[PDB]
Amino acid sequence: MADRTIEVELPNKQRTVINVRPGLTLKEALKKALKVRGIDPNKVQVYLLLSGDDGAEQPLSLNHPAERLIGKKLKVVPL
């Protein structure tokens, strides 16, 4: 598998890696992550960073399966 996980940078200069299988959306994959952290899905946003093709850090849908970007790094910040 090499690397079957997704990295997510949390607020407060903190970063954490989470694992998920191909089927559920990123929301369901971060549910437990935000559950223990007390973070709400309607109080935060996740963006994907690339370089200069995706506009550098762009928004993503909650119905987007991690499998669609397995291994890709993302950042989650409150709004």
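Residues numbered from 1 in each chain as written, not as in the entry; some residues may be left out. Heavy atoms only, no water.

- Looking at the entry header, you'll see solution NMR listed as the method.

- For the protein, the PDB entry supplies the name Designed protein dRafX6 and the organism synthetic construct.
- For this entry, the PDB record gives the title as "Designed protein dRafX6".

**Quick look at the overall build of the protein**
Here is step 1 of the chain: Looking only at helices and strands, the protein features one helix and five strands.
Here is step 2 of the chain: N-terminal to C-terminal, the α/β element order of the protein is β-β-α-β-β-β.
Here is step 3 of the chain: Here the protein has a C-alpha radius of gyration of 12 Å; the compact-globule value for 79 residues is 12 Å, and the two agree.
Here is step 4 of the chain: Seen through its C-alpha atoms, the protein measures out along the principal axes to roughly 30 × 25 × 25 Å.
Here is step 5 of the chain: Taking all 79 residues of the protein together, the buried fraction comes to 28%.
Here is step 6 of the chain: Residue pairs in contact within the protein that sit at least 24 positions apart in sequence constitute 56% of those at least 6 positions apart.
Here is step 7 of the chain: A total accessible area of about 5800 Å² is found for the protein, and carbon and sulfur atoms account for 49% of it.
Here is step 8 of the chain: A distance of 7 Å separates the average location of the 14 positive side-chain charges in the protein from that of its 9 negative side-chain charges. (Helix = DSSP H or I, 4+ residues; strand = E, 2+ residues; numbered from the N terminus. Rg over C-alpha atoms; globule rule 2.2 N^0.38 Å. Buried < 20%, exposed > 50% of the residue type's maximum accessible area, 1.4 Å probe, protein only. Contact = heavy atoms within 4.5 Å. Areas by Shrake-Rupley, 256 points an atom, 1.4 Å probe, with all protein chains shown as cover. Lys, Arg positive; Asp, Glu negative; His and termini not counted. Charge placed at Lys NZ, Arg CZ, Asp CG, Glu CD.)

**What about the nonpolar core?**
Here is step 1 of the chain: Formed by 18 residues in total, the largest nonpolar core has its most connected members in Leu 30 and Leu 74.
Here is step 2 of the chain: Put simply, the parts of the chain that give this core at least two residues each are strand 1 (5–10), helix 1 (26–37), strand 3 (44–48) and strand 5 (73–78).
Here is step 3 of the chain: At four residues, the largest contribution of residues to this core is made by helix 1.
Here is step 4 of the chain: Residues in contact with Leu 30, not counting those within four places in the same chain, are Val 8, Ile 18, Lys 35 and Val 46. (Core = buried A, V, L, I, M, F, W, Y, C linked by side-chain atoms within 4.5 Å.)

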